[PDB]
């Protein structure tokens, strides 16, 4: 062919971006976009955290800062603060100094860096055959990230039960005890994307017990710590429980939501090891993978987080901005459930409030979604997931009535 790129086709457009594209093209005056992948205020507007705007002003006014290369592993003060946020100041793994932190480009970078390491140094030398497990519907790119690291056997475990509209613990635990030993399990630390339903502490202890005696490697995805329920301790309970149980694991931390710094790509890959020497060996090889991916991480976003977490006055204001987004999400969840039960909508709806975080599995079948999209012009994925921050005091009456209508018919 004349062009070198002639035999290359147009990539498959991701399903949620096509949803947003069709939304902004729908001329209906009652259109609702519940498929936005970020937090939106009650006025359908993005929200820059006031703590972020204040910290950014001081960074802009700080001549102590140059623009020289950060270390390969990233900004030190951000790395220690990010892992202390997930593990806690009183973590025994920190006192024993068996913790490492690689600054990442959001959670996606931490998942890629961790998967690249596992596909090279874990369960043998370049063992691409290690099974990797994901949830019923997981994050759309969990499969793609581990597939890019070379893993050739990506499996799924039961998580969300459509009929009970909740967690399928027996399907989860039986898929775990049937997994080959030393398999990697991708675990949502809190705020399950996209279901929103999380295991209880007494359910996590059962999930952890299976992975312990089968040597299943936990890979935590902590993308909404604090942002989900408004409590930093409760959102990190599963991570810290695995710490007390002596687990070795990676934990992909994201600060795009609890800080609202989506476009600055602030992430951390926390590593917990048996020995302090094992961490310096892991961080030794993380540098080689970073070097060939992004040579070193950006500084602006990580500087915002490190200043916020290490300063007690700005840490208090940040938690105030976090509870703002969590309480509004909590309010929108309860307002929708109250409206749906007031109209006498068939079926159970306590899962609307049992789930947490920004995303929620509404529990409707694909063709009930098409009614909401085509007839009522409420845009959501056929998966049945909505963005709770997409609900407002203005559209709650129209959305709740439409969901009622979608379940009346069909």
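Numbering follows the first chain given and starts at 1.
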When the C-alpha temperature factors are averaged for each of 147 to 155 and 226 to 234, which stretch ends up with the higher value in the entry?
226 to 234
Pick between 204 to 212 and 252 to 260: the one whose mean CA B-factor in the entry is higher.
204 to 212
Where the record places residue 120 (Cα B-factor, split into thirds across the chain):
lowest
Ranking the modelled residues of this chain by C-alpha B-factor as given in the entry, is residue 62 in the lowest, middle or highest third?
highest
Taking the values exactly as deposited, rank residue 359 by C-alpha B-factor within its chain and report the matching third: lowest, middle or highest.
middle
For residue 349, does the deposited CA B-factor place it in the lowest, middle or highest third of the chain?
highest
Residue 164 CA temperature factor, ranked by third within the chain:
highest
